[PDB]
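J.: I am attaching a structure below and will ask some questions about it afterwards.
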Amino acid sequence: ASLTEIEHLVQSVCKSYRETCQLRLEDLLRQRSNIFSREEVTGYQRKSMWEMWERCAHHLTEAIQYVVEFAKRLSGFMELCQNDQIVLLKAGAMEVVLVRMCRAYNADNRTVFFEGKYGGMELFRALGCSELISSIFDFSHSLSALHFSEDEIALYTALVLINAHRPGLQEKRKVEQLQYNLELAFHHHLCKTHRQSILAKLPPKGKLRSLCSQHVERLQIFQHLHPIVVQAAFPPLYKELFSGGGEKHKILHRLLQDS
Ligand SMILES: CCn1c2ccc(OC3CCC3)cc2c2cc(C(=O)NCc3ccc(S(=O)(=O)CC)cc3)ccc21
């Protein structure tokens with residue numbers, strides 16, 4: 001790639017992100033005074049474990065749907081073979097969601113936007129996975145302290161998704177080329193905006209992996225306890241990405257083949 005080509009890549013990734021960001025930043029900021037009351041938090045804490053799981057799994061899947069669309073619109077992604085598209089989304093979609101989530105996290109009062117209002121960690125007690133929840137809140141706090149712009153989130157999530165180290169890729173060199181061009185774009189944009197200092201402050205790649213592993217591990221516990229709930233009331237796409245041996249569905253293929 002050349003230098004104008006890199007800045008065109010920057011513009012194209014930012015555009016692809018804006019079209020698929022699910023919620024515009026201002027819509028999340030405008031709701032920050034809308035906080036759950038103590039009575040509403042209590043109501044969430046008294047919901048059954050299985051109903052809170054279903055609701056949370058539903059919201060995760062919705063967010064993952066916008067990530068799939070981001071990929072489909074991401075320069076060079078659809079030129080990868082189908083196998084590698086699926087590999088990359090299977091391993092990276094939850095990671096992208098976790099990074100995007102920091103937009104919905106208010107570091108001032110330690111709350112996250114959830115079902116129309118902002119609430120803290122205690123909102124999720126009924127899940128029985130406090131360690132996973134606090135890890136996500138802590139990760140969202142760490143990213144909020146960097147004050148990502150929307151352009152930086154677009155470029156960083158492109159790189160989270162386009163990761164040539166995922167096991168199972170068939171055209172590893174093609175993914176490497178794509179990853180390298182997106183890295184140049186991200187680092188070029190940081191340099192031009194005098195934001196190279198955040199590079200040392202970004203989370204190690206093992207953190208994002210660790211959060212996704214905790215998620216799958218707590219899901220396995222839940223699915224053992226409530227197997228019919230997962231079968232009857234979890235989104236098919238969710239089960240395909242995270243469940244075992246829930247990889248019996250083929251939703252990703254249909255989502256990618258469409259359009
Ligand atoms: C850390 C606490 N938390 C969760 C914890 C667990 C969980 O589910 C899995 C555990 C087992 C299933 C699910 C959530 C969960 C979901 C939401 C959510 O969807 N809010 C609505 C919203 C819409 C758009 C945006 S965005 O535009 O920024 C692009 C992402 C962000 C937010 C918020 C907090 C959550």
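Where a number appears in this text, it was derived from the coordinates with a stated rule and is not lab data. All Cβ positions, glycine included, derive from the backbone under ideal geometry; neighbour counts span all protein chains shown.
J.: Can you tell me the order of 91-100, 236-245, 42-51 when each peptide is scored by its average per-residue count of other Cβ atoms within 10 angstrom, highest first?
T.: My ranking of the peptides, most packed first, is 91-100, 236-245, 42-51.
J.: If you don't mind, there's one more thing I want to ask. Along the stretch 227-235, what does the Karplus equation 6.51 cos²θ - 1.76 cosθ + 1.60 (θ = phi - 60°) give for ³J(HN,Hα), rounded to whole Hz, x for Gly and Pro?
T.: Per-residue couplings from phi come out as x, 6, 4, 5, 4, 8, 10, 8, x Hz.
J.: Here's another thing I want to ask about it. For the peptides 193-204, 110-121, 218-229, what is the packing order when you average, over each peptide's residues, the other Cβ atoms within 10 Å and list the highest mean first?
T.: 110-121, 218-229, 193-204
J.: Compute the helix-to-body angle for 130-144: its Cα long axis versus the longest principal axis of the chain, expressed 0 to 90° and rounded to tens.
T.: 40
J.: For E62 and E171 in one chain, what is 0.36 nm times their gap in residues minus the Cα-Cα distance, to one decimal in nm?
T.: Result for the pair: 36.3 nm of gain on full extension.
J.: Projected onto the charge dipole of the chain (+1 at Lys/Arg Cβ, -1 at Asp/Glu Cβ, origin at the Cα centre), which of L199, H188, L178 gives the Cα projection farthest towards the positive end?
T.: With unit charges placed on the Cβ atoms, the residue in question is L199.
J.: Mind giving me the FRET efficiency for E183 and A145? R0 is 25 Å, r the Cβ-Cβ distance, nearest 0.05 is fine.
T.: 0.65
J.: Right, something else. On C-alpha positions alone, give me the angle between the axis of helix 205-225 and the longest principal axis of the chain, in degrees, nearest 10.
T.: It works out to around 30 degrees.
J.: Another one. Order these peptides, 156-163, 4-11, by their mean beta-carbon neighbour count within 10 angstrom, highest first.
T.: The densest-packed peptide leads the list: 156-163, 4-11.
J.: Could I ask something else about it? Where does the charge balance sit around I86 when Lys and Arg score +1, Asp and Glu -1, over other residues with C-beta under 11 Å from its C-beta?
T.: 0
J.: Treating the angle as unsigned and between 0 and 90°, give the value, to the nearest 10°, between the Cα long axis of helix 49-72 and the longest Cα principal axis of the chain.
T.: Compared with the principal axis, the helix lies near 10 degrees.
J.: Normalised by the number of residues in the stretch 27-118, what is the relative contact order in percent for Cα pairs under 8 Å and 6+ residues apart?
T.: Relative contact order here is 48 percent.
J.: Would you compute, for the Cα atoms of the chain, the largest minus smallest coordinate along each principal axis and list the three values in descending order, in whole Å?
T.: The Cα atoms of the chain stretch 57, 42, 32 Å along the principal axes, largest first.
J.: Sticking with this structure for a sec: Can you check what the net charge comes to around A126, using other residues whose Cβ is under 11 Å from the Cβ of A126 (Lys, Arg +1; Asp, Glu -1)?
T.: Net charge around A126: +2.
J.: Oh, and also: Normalising by the residue count of the chain, find the relative contact order in percent from Cα pairs under 8 Å and 6+ residues apart.
T.: RCO, the chain: 27 percent.
J.: With a sphere of radius 13 Å drawn around the Cβ of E240, what net charge do the other residues whose Cβ falls strictly inside it have (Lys, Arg +1; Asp, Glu -1)?
T.: That works out to +4.
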